[PDB]
$ cat model-v3.cif   # mmCIF, C-alpha atoms
data_entry
#
loop_
_atom_site.label_atom_id
_atom_site.label_comp_id
_atom_site.auth_asym_id
_atom_site.auth_seq_id
_atom_site.Cartn_x
_atom_site.Cartn_y
_atom_site.Cartn_z
CA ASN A 3 -31.69 80.36 18.51
CA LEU A 4 -29.45 77.51 17.37
CA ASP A 5 -30.03 74.02 15.81
CA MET A 6 -29.77 70.38 17.28
CA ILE A 7 -33.57 70.33 17.47
CA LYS A 8 -36.53 67.92 17.50
CA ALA A 9 -39.12 69.98 15.50
CA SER A 10 -39.48 69.60 11.70
CA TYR A 11 -38.28 72.60 9.72
CA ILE A 12 -36.69 74.13 6.70
CA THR A 13 -34.15 76.83 7.16
CA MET A 14 -31.22 78.80 5.71
CA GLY A 15 -27.81 78.83 7.52
CA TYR A 16 -24.81 81.15 6.77
CA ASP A 17 -21.20 80.17 6.92
CA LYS A 18 -20.78 83.71 8.34
CA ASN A 19 -22.94 86.54 9.73
CA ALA A 20 -20.55 89.34 8.74
CA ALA A 21 -18.47 90.14 5.64
CA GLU A 22 -16.68 92.99 3.77
CA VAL A 23 -17.85 94.49 0.45
CA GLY A 24 -16.81 91.95 -2.21
CA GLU A 25 -16.75 88.93 0.14
CA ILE A 26 -19.12 85.98 -0.40
CA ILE A 27 -21.32 84.40 2.28
CA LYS A 28 -22.68 80.95 1.46
CA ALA A 29 -26.34 80.46 2.36
CA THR A 30 -27.40 76.81 2.70
CA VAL A 31 -31.08 75.73 2.48
CA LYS A 32 -31.52 72.67 4.71
CA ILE A 33 -34.25 70.62 6.33
CA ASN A 34 -34.91 68.67 9.47
CA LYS A 35 -37.19 65.68 9.79
CA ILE A 36 -39.39 66.10 6.74
CA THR A 37 -41.27 62.79 6.35
CA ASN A 38 -40.57 60.96 3.05
CA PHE A 39 -39.20 64.19 1.51
CA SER A 40 -38.68 64.10 -2.29
CA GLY A 41 -38.31 67.74 -3.47
CA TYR A 42 -38.60 71.46 -2.74
CA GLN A 43 -39.52 74.74 -4.19
CA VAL A 44 -38.38 77.90 -2.34
CA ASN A 45 -38.74 81.60 -3.02
CA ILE A 46 -35.96 83.76 -1.55
CA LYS A 47 -35.98 87.55 -1.10
CA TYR A 48 -32.81 89.64 -0.73
CA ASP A 49 -31.63 93.23 -1.15
CA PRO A 50 -30.02 93.33 -4.61
CA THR A 51 -28.66 96.91 -3.98
CA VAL A 52 -26.86 95.37 -0.93
CA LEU A 53 -26.30 91.68 -1.79
CA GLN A 54 -25.52 89.99 -5.15
CA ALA A 55 -26.54 86.37 -5.83
CA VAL A 56 -23.51 84.49 -7.09
CA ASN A 57 -22.24 80.95 -7.42
CA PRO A 58 -20.90 80.11 -3.89
CA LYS A 59 -17.85 78.11 -5.04
CA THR A 60 -16.81 80.27 -8.04
CA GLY A 61 -18.17 83.79 -7.38
CA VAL A 62 -19.79 84.21 -10.76
CA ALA A 63 -22.96 86.28 -10.84
CA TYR A 64 -26.29 84.37 -11.04
CA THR A 65 -28.56 85.04 -14.06
CA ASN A 66 -32.31 84.64 -14.03
CA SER A 67 -31.85 80.94 -14.79
CA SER A 68 -28.81 79.99 -12.66
CA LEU A 69 -28.89 76.65 -10.86
CA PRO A 70 -28.37 76.33 -7.05
CA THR A 71 -25.29 74.35 -5.98
CA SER A 72 -26.42 70.91 -4.78
CA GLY A 73 -26.62 69.66 -1.17
CA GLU A 74 -26.42 66.21 0.41
CA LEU A 75 -30.03 65.41 -0.49
CA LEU A 76 -31.69 64.96 -3.91
CA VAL A 77 -28.42 63.84 -5.59
CA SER A 78 -29.07 60.12 -5.96
CA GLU A 79 -29.04 59.66 -9.77
CA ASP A 80 -31.19 56.51 -9.61
CA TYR A 81 -34.19 58.63 -8.53
CA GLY A 82 -33.91 61.05 -11.46
CA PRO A 83 -33.43 64.50 -9.88
CA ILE A 84 -34.36 67.55 -11.92
CA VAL A 85 -33.31 71.08 -10.84
CA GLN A 86 -34.32 74.56 -12.12
CA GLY A 87 -33.80 78.25 -11.16
CA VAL A 88 -36.24 80.99 -12.23
CA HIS A 89 -35.09 84.32 -10.73
CA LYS A 90 -35.73 88.05 -10.86
CA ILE A 91 -32.28 89.26 -9.87
CA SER A 92 -33.07 92.93 -10.32
CA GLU A 93 -35.86 92.60 -7.76
CA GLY A 94 -33.74 90.45 -5.41
CA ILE A 95 -35.85 87.29 -6.02
CA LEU A 96 -34.60 83.73 -6.36
CA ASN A 97 -36.86 80.77 -7.01
CA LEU A 98 -35.25 77.32 -6.95
CA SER A 99 -36.70 73.84 -7.34
CA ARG A 100 -35.24 70.41 -7.19
CA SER A 101 -37.21 67.11 -7.11
CA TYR A 102 -36.80 63.37 -7.66
CA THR A 103 -38.96 62.12 -10.54
CA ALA A 104 -38.49 58.31 -10.30
CA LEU A 105 -40.56 58.18 -7.08
CA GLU A 106 -41.47 54.51 -7.33
CA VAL A 107 -37.71 53.60 -7.43
CA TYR A 108 -37.20 55.95 -4.45
CA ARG A 109 -40.14 54.52 -2.47
CA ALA A 110 -38.76 51.01 -3.14
CA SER A 111 -35.49 51.77 -1.31
CA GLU A 112 -37.38 52.34 1.97
CA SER A 113 -34.68 54.90 2.76
CA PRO A 114 -36.24 58.40 2.71
CA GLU A 115 -33.99 61.44 2.82
CA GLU A 116 -35.52 63.47 5.69
CA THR A 117 -32.73 65.61 7.11
CA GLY A 118 -29.92 67.45 5.37
CA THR A 119 -28.87 70.23 3.06
CA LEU A 120 -30.80 71.00 -0.16
CA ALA A 121 -29.07 73.85 -1.90
CA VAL A 122 -26.26 76.35 -1.62
CA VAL A 123 -26.39 79.86 -2.97
CA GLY A 124 -23.71 82.60 -2.68
CA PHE A 125 -24.30 86.18 -1.58
CA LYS A 126 -21.53 88.69 -2.41
CA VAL A 127 -21.52 91.80 -0.19
CA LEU A 128 -22.08 95.01 -2.23
CA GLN A 129 -22.37 97.30 0.83
CA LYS A 130 -21.35 96.47 4.39
CA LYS A 131 -24.90 97.48 5.44
CA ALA A 132 -27.51 95.81 7.72
CA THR A 133 -29.35 93.26 5.64
CA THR A 134 -31.72 90.28 5.80
CA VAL A 135 -32.57 87.42 3.44
CA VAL A 136 -36.03 85.81 3.82
CA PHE A 137 -38.14 82.92 2.54
CA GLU A 138 -41.13 84.75 1.28
CA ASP A 139 -44.31 83.90 -0.53
CA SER A 140 -44.69 84.74 -4.19
CA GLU A 141 -47.71 85.48 -6.34
CA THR A 142 -46.56 82.33 -8.15
CA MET A 143 -46.67 80.09 -4.97
CA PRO A 144 -50.46 80.20 -4.06
CA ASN A 145 -49.75 77.22 -1.84
CA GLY A 146 -46.32 78.45 -0.57
CA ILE A 147 -45.82 78.06 3.20
CA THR A 148 -43.82 81.23 3.82
CA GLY A 149 -42.14 80.90 0.39
CA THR A 150 -41.69 77.10 0.63
CA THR A 151 -43.25 73.98 -0.88
CA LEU A 152 -42.00 70.53 0.06
CA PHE A 153 -43.15 67.21 -1.44
CA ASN A 154 -43.12 63.62 -0.29
CA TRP A 155 -42.36 60.47 -2.31
CA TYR A 156 -45.98 59.86 -3.38
CA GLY A 157 -45.85 63.28 -5.13
CA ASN A 158 -47.93 64.89 -2.36
CA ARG A 159 -47.40 68.42 -1.08
CA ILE A 160 -46.54 68.51 2.64
CA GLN A 161 -49.39 70.81 3.69
CA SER A 162 -48.39 71.50 7.34
CA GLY A 163 -46.31 70.21 10.21
CA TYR A 164 -43.05 72.05 9.72
CA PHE A 165 -41.58 75.47 10.57
CA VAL A 166 -39.88 77.89 8.18
CA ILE A 167 -37.03 79.35 10.26
CA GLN A 168 -35.82 82.67 8.75
CA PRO A 169 -32.01 82.91 8.68
CA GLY A 170 -31.29 86.13 10.63
CA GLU A 171 -29.43 89.36 9.88
CA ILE A 172 -26.27 89.88 7.83
CA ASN A 173 -23.63 92.42 8.93
CA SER A 174 -25.79 93.57 11.85
CA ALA A 175 -25.29 97.15 12.99
CA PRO A 176 -23.74 96.46 16.43
#

$ encode --input "model-v3.cif" --output "structure tokens"
Amino acid sequence: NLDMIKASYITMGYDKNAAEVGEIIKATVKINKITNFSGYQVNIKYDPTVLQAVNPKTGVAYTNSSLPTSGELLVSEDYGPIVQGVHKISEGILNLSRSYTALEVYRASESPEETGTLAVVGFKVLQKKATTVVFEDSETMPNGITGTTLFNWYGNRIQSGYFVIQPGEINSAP
């Protein structure tokens, strides 16, 4: 299962599938063909006993309020992006949101951002043990599509029409 694909989705990709205790894998949240996309909320589940959420480009441990590192999308300052992280690190739960707020300015450009990366998080290996990270619904995302909510530039929730592609195993027991 690889990308280069016509269907609309959101996924997570790894820069590597395998790593030693203490090494960091960068996990990138990214989307494909989301119509008039203007923001995301995602809820991420991982094994805290096995993986530690860190900054991907420094290595410093995330707190319950750490920000994701930015992607290619949602960084145009003219459209007023706001970003927030509300985590439960001891349960292995990250919840990240970033949206444009100046939607009228955005709509006026007639140039929607529909495909690209959204967010980069780091995962430092604490045990070289078989482990998976998932998008997963939360009690707090009543409307979450498998732990995801995406919006368009009218401020509407995208209610269907895309796939949530789970990222696949880390350090798989061969």

$ atom_distance --input "model-v3.cif" --atom1 "CA of residue 62 (chain A)" --atom2 "CA of residue 124 (chain A)"
9.1 Å

$ resolve_selection --input "model-v3.cif" --expression "the PyMOL selection byres ((chain A and resi 49) around 12)" --output "ChimeraX atom specification"
/A:46-48,50-55,90-96,125-129,131-136,171-172

$ residues_near_point --input "model-v3.cif" --point "(-43.7, 64.8, -4.1)" --cutoff "10 Å" --atoms "only C-alpha atoms" --output "list in words"
residues 38, 39, 40, 41, 42, 101, 102, 103, 105, 151, 152, 153, 154, 155, 156, 157, 158, 159 and 160 of chain A

$ closest_residue --input "model-v3.cif" --among "A:107, A:175, A:12, A:85" --to "residue 119 (chain A)" --atoms "only C-alpha atoms"
A:12

$ closest_residue --input "model-v3.cif" --among "A:11, A:173, A:84, A:142" --to "residue 25 (chain A)" --atoms "all atoms listed in the file"
A:173

$ closest_residue --input "model-v3.cif" --among "A:43, A:137, A:80, A:165" --to "residue 109 (chain A)" --atoms "all atoms listed in the file"
A:80

$ atom_distance --input "model-v3.cif" --atom1 "CA of residue 10 (chain A)" --atom2 "CA of residue 72 (chain A)"
21.1 Å

$ atom_distance --input "model-v3.cif" --atom1 "CA of residue 162 (chain A)" --atom2 "CA of residue 147 (chain A)"
8.2 Å

$ resolve_selection --input "model-v3.cif" --expression "the PyMOL selection byres ((chain A and resi 16-20) around 9)" --output "number ranges by chain"
A: 14-15, 21-22, 27-30, 130, 169-174

$ residues_near_point --input "model-v3.cif" --point "(-34.8, 78.2, -4.1)" --cutoff "6 Å" --atoms "all atoms listed in the file" --output "PDB file with C-alpha atoms, in the coordinates of the input"
ATOM      1  CA  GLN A  43     -39.520  74.740  -4.190  1.00  0.00           C
ATOM      2  CA  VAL A  44     -38.380  77.900  -2.340  1.00  0.00           C
ATOM      3  CA  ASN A  45     -38.740  81.600  -3.020  1.00  0.00           C
ATOM      4  CA  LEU A  96     -34.600  83.730  -6.360  1.00  0.00           C
ATOM      5  CA  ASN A  97     -36.860  80.770  -7.010  1.00  0.00           C
ATOM      6  CA  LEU A  98     -35.250  77.320  -6.950  1.00  0.00           C
ATOM      7  CA  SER A  99     -36.700  73.840  -7.340  1.00  0.00           C
TER       8      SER A  99
END

$ resolve_selection --input "model-v3.cif" --expression "the PyMOL selection byres ((chain A and resi 71) around 10)" --output "VMD selection string"
chain A and resid 30 57 to 59 68 to 70 72 to 73 85 120 to 124

$ write_last_selection --input "model-v3.cif" --atoms "C-alpha atoms" --output "PDB file, keeping the file's coordinate frame"
ATOM      1  CA  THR A  30     -27.400  76.810   2.700  1.00  0.00           C
ATOM      2  CA  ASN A  57     -22.240  80.950  -7.420  1.00  0.00           C
ATOM      3  CA  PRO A  58     -20.900  80.110  -3.890  1.00  0.00           C
ATOM      4  CA  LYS A  59     -17.850  78.110  -5.040  1.00  0.00           C
ATOM      5  CA  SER A  68     -28.810  79.990 -12.660  1.00  0.00           C
ATOM      6  CA  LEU A  69     -28.890  76.650 -10.860  1.00  0.00           C
ATOM      7  CA  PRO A  70     -28.370  76.330  -7.050  1.00  0.00           C
ATOM      8  CA  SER A  72     -26.420  70.910  -4.780  1.00  0.00           C
ATOM      9  CA  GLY A  73     -26.620  69.660  -1.170  1.00  0.00           C
ATOM     10  CA  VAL A  85     -33.310  71.080 -10.840  1.00  0.00           C
ATOM     11  CA  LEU A 120     -30.800  71.000  -0.160  1.00  0.00           C
ATOM     12  CA  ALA A 121     -29.070  73.850  -1.900  1.00  0.00           C
ATOM     13  CA  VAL A 122     -26.260  76.350  -1.620  1.00  0.00           C
ATOM     14  CA  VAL A 123     -26.390  79.860  -2.970  1.00  0.00           C
ATOM     15  CA  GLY A 124     -23.710  82.600  -2.680  1.00  0.00           C
TER      16      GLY A 124
END

$ decode --input "model-v3.cif" --residues "region 104-148 of chain A" --atoms "N, CA and C atoms" --output "PDB file, in the first residue's frame"
ATOM      1  N   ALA A 104      -9.006  33.782   8.758  1.00  0.00           N
ATOM      2  CA  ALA A 104      -9.395  34.835   7.797  1.00  0.00           C
ATOM      3  C   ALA A 104      -9.885  34.167   6.487  1.00  0.00           C
ATOM      4  N   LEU A 105     -11.029  33.495   6.584  1.00  0.00           N
ATOM      5  CA  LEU A 105     -11.506  32.602   5.505  1.00  0.00           C
ATOM      6  C   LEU A 105     -11.914  33.385   4.284  1.00  0.00           C
ATOM      7  N   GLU A 106     -12.553  34.538   4.505  1.00  0.00           N
ATOM      8  CA  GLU A 106     -12.908  35.410   3.381  1.00  0.00           C
ATOM      9  C   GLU A 106     -11.682  35.794   2.522  1.00  0.00           C
ATOM     10  N   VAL A 107     -10.587  36.204   3.173  1.00  0.00           N
ATOM     11  CA  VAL A 107      -9.302  36.510   2.477  1.00  0.00           C
ATOM     12  C   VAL A 107      -8.848  35.272   1.676  1.00  0.00           C
ATOM     13  N   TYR A 108      -8.809  34.128   2.361  1.00  0.00           N
ATOM     14  CA  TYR A 108      -8.517  32.830   1.737  1.00  0.00           C
ATOM     15  C   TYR A 108      -9.439  32.531   0.533  1.00  0.00           C
ATOM     16  N   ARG A 109     -10.738  32.578   0.723  1.00  0.00           N
ATOM     17  CA  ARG A 109     -11.644  32.309  -0.386  1.00  0.00           C
ATOM     18  C   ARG A 109     -11.313  33.239  -1.549  1.00  0.00           C
ATOM     19  N   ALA A 110     -10.968  34.490  -1.248  1.00  0.00           N
ATOM     20  CA  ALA A 110     -10.754  35.485  -2.320  1.00  0.00           C
ATOM     21  C   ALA A 110      -9.540  35.160  -3.221  1.00  0.00           C
ATOM     22  N   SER A 111      -8.588  34.382  -2.721  1.00  0.00           N
ATOM     23  CA  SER A 111      -7.435  34.016  -3.518  1.00  0.00           C
ATOM     24  C   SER A 111      -7.782  33.008  -4.621  1.00  0.00           C
ATOM     25  N   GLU A 112      -8.883  32.279  -4.462  1.00  0.00           N
ATOM     26  CA  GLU A 112      -9.273  31.244  -5.418  1.00  0.00           C
ATOM     27  C   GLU A 112      -8.187  30.198  -5.599  1.00  0.00           C
ATOM     28  N   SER A 113      -7.331  30.053  -4.582  1.00  0.00           N
ATOM     29  CA  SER A 113      -6.251  29.072  -4.603  1.00  0.00           C
ATOM     30  C   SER A 113      -6.303  28.215  -3.332  1.00  0.00           C
ATOM     31  N   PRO A 114      -7.223  27.224  -3.293  1.00  0.00           N
ATOM     32  CA  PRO A 114      -7.318  26.356  -2.114  1.00  0.00           C
ATOM     33  C   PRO A 114      -6.103  25.452  -1.967  1.00  0.00           C
ATOM     34  N   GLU A 115      -5.711  25.187  -0.724  1.00  0.00           N
ATOM     35  CA  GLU A 115      -4.677  24.236  -0.432  1.00  0.00           C
ATOM     36  C   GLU A 115      -5.334  22.879  -0.200  1.00  0.00           C
ATOM     37  N   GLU A 116      -5.153  21.930  -1.121  1.00  0.00           N
ATOM     38  CA  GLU A 116      -5.949  20.686  -1.090  1.00  0.00           C
ATOM     39  C   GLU A 116      -5.114  19.422  -0.879  1.00  0.00           C
ATOM     40  N   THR A 117      -3.810  19.554  -1.107  1.00  0.00           N
ATOM     41  CA  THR A 117      -2.904  18.417  -1.026  1.00  0.00           C
ATOM     42  C   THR A 117      -1.575  18.854  -0.437  1.00  0.00           C
ATOM     43  N   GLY A 118      -1.114  18.159   0.598  1.00  0.00           N
ATOM     44  CA  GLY A 118       0.151  18.468   1.198  1.00  0.00           C
ATOM     45  C   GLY A 118       0.252  18.068   2.655  1.00  0.00           C
ATOM     46  N   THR A 119       1.378  18.415   3.251  1.00  0.00           N
ATOM     47  CA  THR A 119       1.595  18.037   4.643  1.00  0.00           C
ATOM     48  C   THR A 119       1.001  19.106   5.597  1.00  0.00           C
ATOM     49  N   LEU A 120       0.555  18.628   6.760  1.00  0.00           N
ATOM     50  CA  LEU A 120      -0.169  19.419   7.750  1.00  0.00           C
ATOM     51  C   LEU A 120       0.598  19.650   9.035  1.00  0.00           C
ATOM     52  N   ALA A 121       1.426  18.678   9.409  1.00  0.00           N
ATOM     53  CA  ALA A 121       1.960  18.616  10.747  1.00  0.00           C
ATOM     54  C   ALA A 121       2.975  17.491  10.871  1.00  0.00           C
ATOM     55  N   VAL A 122       4.040  17.798  11.606  1.00  0.00           N
ATOM     56  CA  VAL A 122       5.085  16.833  11.894  1.00  0.00           C
ATOM     57  C   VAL A 122       5.264  16.705  13.403  1.00  0.00           C
ATOM     58  N   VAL A 123       5.219  15.463  13.856  1.00  0.00           N
ATOM     59  CA  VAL A 123       5.454  15.115  15.218  1.00  0.00           C
ATOM     60  C   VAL A 123       6.630  14.124  15.234  1.00  0.00           C
ATOM     61  N   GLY A 124       7.360  14.066  16.351  1.00  0.00           N
ATOM     62  CA  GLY A 124       8.481  13.138  16.533  1.00  0.00           C
ATOM     63  C   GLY A 124       8.070  12.013  17.459  1.00  0.00           C
ATOM     64  N   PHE A 125       8.588  10.815  17.200  1.00  0.00           N
ATOM     65  CA  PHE A 125       8.370   9.699  18.114  1.00  0.00           C
ATOM     66  C   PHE A 125       9.732   9.057  18.411  1.00  0.00           C
ATOM     67  N   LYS A 126      10.204   9.228  19.646  1.00  0.00           N
ATOM     68  CA  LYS A 126      11.470   8.641  20.099  1.00  0.00           C
ATOM     69  C   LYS A 126      11.234   7.227  20.641  1.00  0.00           C
ATOM     70  N   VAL A 127      12.007   6.275  20.114  1.00  0.00           N
ATOM     71  CA  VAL A 127      11.877   4.868  20.476  1.00  0.00           C
ATOM     72  C   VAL A 127      12.375   4.651  21.915  1.00  0.00           C
ATOM     73  N   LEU A 128      11.498   4.101  22.755  1.00  0.00           N
ATOM     74  CA  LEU A 128      11.786   3.777  24.160  1.00  0.00           C
ATOM     75  C   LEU A 128      12.027   2.270  24.391  1.00  0.00           C
ATOM     76  N   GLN A 129      11.606   1.467  23.422  1.00  0.00           N
ATOM     77  CA  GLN A 129      11.777   0.021  23.406  1.00  0.00           C
ATOM     78  C   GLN A 129      11.755  -0.300  21.920  1.00  0.00           C
ATOM     79  N   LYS A 130      12.709  -1.101  21.451  1.00  0.00           N
ATOM     80  CA  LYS A 130      12.630  -1.625  20.097  1.00  0.00           C
ATOM     81  C   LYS A 130      11.612  -2.789  20.068  1.00  0.00           C
ATOM     82  N   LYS A 131      10.330  -2.446  20.193  1.00  0.00           N
ATOM     83  CA  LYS A 131       9.234  -3.407  20.331  1.00  0.00           C
ATOM     84  C   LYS A 131       8.120  -3.058  19.334  1.00  0.00           C
ATOM     85  N   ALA A 132       7.423  -4.083  18.828  1.00  0.00           N
ATOM     86  CA  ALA A 132       6.394  -3.925  17.785  1.00  0.00           C
ATOM     87  C   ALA A 132       5.307  -2.948  18.194  1.00  0.00           C
ATOM     88  N   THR A 133       5.134  -1.898  17.403  1.00  0.00           N
ATOM     89  CA  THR A 133       4.251  -0.824  17.850  1.00  0.00           C
ATOM     90  C   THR A 133       3.550  -0.078  16.720  1.00  0.00           C
ATOM     91  N   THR A 134       2.294   0.282  16.978  1.00  0.00           N
ATOM     92  CA  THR A 134       1.495   1.057  16.016  1.00  0.00           C
ATOM     93  C   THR A 134       0.929   2.373  16.584  1.00  0.00           C
ATOM     94  N   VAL A 135       0.917   3.380  15.725  1.00  0.00           N
ATOM     95  CA  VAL A 135       0.283   4.663  15.991  1.00  0.00           C
ATOM     96  C   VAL A 135      -0.992   4.722  15.143  1.00  0.00           C
ATOM     97  N   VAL A 136      -2.110   5.150  15.739  1.00  0.00           N
ATOM     98  CA  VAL A 136      -3.363   5.280  15.003  1.00  0.00           C
ATOM     99  C   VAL A 136      -4.045   6.665  15.168  1.00  0.00           C
ATOM    100  N   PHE A 137      -4.811   7.058  14.139  1.00  0.00           N
ATOM    101  CA  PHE A 137      -5.839   8.084  14.278  1.00  0.00           C
ATOM    102  C   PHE A 137      -6.981   7.370  14.940  1.00  0.00           C
ATOM    103  N   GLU A 138      -7.543   7.974  15.968  1.00  0.00           N
ATOM    104  CA  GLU A 138      -8.535   7.275  16.722  1.00  0.00           C
ATOM    105  C   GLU A 138      -9.519   8.244  17.331  1.00  0.00           C
ATOM    106  N   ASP A 139     -10.796   7.914  17.244  1.00  0.00           N
ATOM    107  CA  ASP A 139     -11.777   8.803  17.832  1.00  0.00           C
ATOM    108  C   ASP A 139     -11.595   8.990  19.320  1.00  0.00           C
ATOM    109  N   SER A 140     -12.079  10.139  19.778  1.00  0.00           N
ATOM    110  CA  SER A 140     -11.994  10.569  21.159  1.00  0.00           C
ATOM    111  C   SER A 140     -13.394  10.875  21.661  1.00  0.00           C
ATOM    112  N   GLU A 141     -13.590  10.782  22.965  1.00  0.00           N
ATOM    113  CA  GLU A 141     -14.854  11.161  23.556  1.00  0.00           C
ATOM    114  C   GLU A 141     -15.103  12.629  23.185  1.00  0.00           C
ATOM    115  N   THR A 142     -14.022  13.385  23.045  1.00  0.00           N
ATOM    116  CA  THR A 142     -14.121  14.810  22.730  1.00  0.00           C
ATOM    117  C   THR A 142     -14.366  15.144  21.223  1.00  0.00           C
ATOM    118  N   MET A 143     -14.266  14.145  20.326  1.00  0.00           N
ATOM    119  CA  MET A 143     -14.575  14.352  18.895  1.00  0.00           C
ATOM    120  C   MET A 143     -15.878  13.604  18.440  1.00  0.00           C
ATOM    121  N   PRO A 144     -17.054  13.990  18.993  1.00  0.00           N
ATOM    122  CA  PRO A 144     -18.326  13.305  18.667  1.00  0.00           C
ATOM    123  C   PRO A 144     -18.486  13.142  17.171  1.00  0.00           C
ATOM    124  N   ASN A 145     -18.022  14.153  16.441  1.00  0.00           N
ATOM    125  CA  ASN A 145     -18.065  14.118  14.988  1.00  0.00           C
ATOM    126  C   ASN A 145     -16.787  13.593  14.321  1.00  0.00           C
ATOM    127  N   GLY A 146     -15.799  13.144  15.092  1.00  0.00           N
ATOM    128  CA  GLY A 146     -14.515  12.688  14.494  1.00  0.00           C
ATOM    129  C   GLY A 146     -14.686  11.536  13.496  1.00  0.00           C
ATOM    130  N   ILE A 147     -14.136  11.647  12.288  1.00  0.00           N
ATOM    131  CA  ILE A 147     -14.119  10.522  11.366  1.00  0.00           C
ATOM    132  C   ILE A 147     -12.825   9.795  11.637  1.00  0.00           C
ATOM    133  N   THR A 148     -12.920   8.691  12.386  1.00  0.00           N
ATOM    134  CA  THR A 148     -11.712   7.950  12.782  1.00  0.00           C
ATOM    135  C   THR A 148     -10.615   8.903  13.321  1.00  0.00           C
TER     136      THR A 148
END
